[PDB]
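**Student:**
There are 2 protein chains.
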Amino acid sequence: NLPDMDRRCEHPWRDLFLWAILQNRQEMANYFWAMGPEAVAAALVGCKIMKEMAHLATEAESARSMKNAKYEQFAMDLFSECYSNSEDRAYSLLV
Amino acid sequence: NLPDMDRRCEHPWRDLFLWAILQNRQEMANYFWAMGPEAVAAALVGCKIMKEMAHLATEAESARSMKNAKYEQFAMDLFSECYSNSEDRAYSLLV
């Protein structure tokens with residue numbers, strides 16, 4: 489079921505962002521998100537995964553960092569920029 | 489009952505901090521606390537002694553300085569650092 493081990497990823501930035509997010513590395517995850525093709529969906533997925541891991545976090549420092557992921561803030565800011573730009577392509581982007 | 493007058497103190501920084509604290513010298517007391525072996529207990533003892541002397545203070549300026557000893561703040565900050573570091577050695581430190 490696994491793909492070809494030598495075949496390059498179809499969505500490299502998506503996989504890198506997902507990988508960096510599963511391990512609470514936020515600075516790196518942020519850099520990967522800044523390079524991904526679809527940023528609003530990536531930010532929402534990131535915030536979902538962060539708030540999901542916040543419960544499973546053992547260390548208090550890691551849980552505190554996870555609760556302040558502010559990945560939803562990235563999505564809101566980028567969508568505010570998009571809405572200010574077009575306000576007609578923004579709806580198509582949403583839907 | 490007194491110890492040997494020429495014998496060096498077993499806990500020099502503790503005695504210096506205690507001495508500097510009994511006389512409302514806070515800057516010096518702070519420096520001694522920064523050098524002591526056990527800092528959380530020293531800070532709590534310092535804040536206890538300060539709030540105990542605050543009642544006995546005659547001058548209003550001395551009482552005002554004593555009520556703002558913020559030695560409990562030092563203990564809280566240092567324990568926050570310790571808890572963020574290990575969170576498992578912090579409990580052993582507490583108990």
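Just so you know, the protein sequences line up as chains A and B, in that order.
With positions in the first sequence counted from 1, the corresponding number in the deposited numbering is that position plus 488.
With positions in the second sequence counted from 1, the corresponding number in the deposited numbering is that position plus 488.
Think of the CB as a built atom: it goes at the ideal place given N, C-alpha and C, for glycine as much as any other residue.
From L544(B) to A563(A), what does the alpha carbon distance come to, in whole angstroms?
**Tutor:** When rounded, the separation of the alpha-carbon atoms in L544(B) and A563(A) is 58 Å.
**Student:** What are the start and end residues of the alpha helix (DSSP H) that includes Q561(A)?
**Tutor:** 559-573
**Student:** Using a Cβ-Cβ distance cut-off of 8 Å, determine whether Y571(B) contacts chain A.
**Tutor:** yes
**Student:** Would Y559(A) and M541(A) be called neighbours here (beta carbons separated by less than 8 Å)?
**Tutor:** no
**Student:** Determine the contact status of residue 463(B) and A531(B), defining contact as a CB-CB distance below 8 Å.
**Tutor:** Outside the shown range of chain B (489 to 583) lies residue 463(B), about which nothing can therefore be said.
**Student:** Quick one: list the residues of chain A neighbouring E575(B), beta-carbon separation under 8 Å, in chain order.
**Tutor:** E547, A548, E549
**Student:** Let me know the secondary structure DSSP gives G524(A) once reduced to three states.
**Tutor:** coil
**Student:** Tell me the DSSP secondary structure of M516(A) in three-state form.
**Tutor:** helix
**Student:** Should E575(B) and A548(A) be called a contact, given that it needs their Cβ atoms to be closer than 8 Å?
**Tutor:** yes
**Student:** From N573(B) to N512(A), what does the alpha carbon distance come to, in whole angstroms?
**Tutor:** Going by the C-alpha atoms only, they are around 17 Å apart.
**Student:** Identify which residue in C535(A), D494(A), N489(A), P491(A) has its Cα closest to the Cα of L506(A).
**Tutor:** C535(A)
**Student:** Rounded to the nearest angstrom, how far is the Cβ of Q514(A) from that of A557(A), given a contact under 8 Å?
**Tutor:** Indeed, because the Cβ distance is near 6 Å, the residues count as touching under 8 Å.
**Student:** Check for me: the alpha helix (DSSP H) holding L582(A) runs from which residue to which?
**Tutor:** 577-582
**Student:** Suppose the cutoff is 6 Å on Cβ atoms and the five residues either side in sequence are ignored; what does the same chain contact list for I509(B) look like?
**Tutor:** The residues are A517, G534, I537.
**Student:** Assuming contact is defined by CB atoms lying nearer than 8 Å, are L566(A) and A527(A) in contact in what I supplied?
**Tutor:** yes
**Student:** Between which two residues does the alpha helix (DSSP H) harbouring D503(A) extend?
**Tutor:** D503(A) -> alpha helix (DSSP H) spans 500-510.
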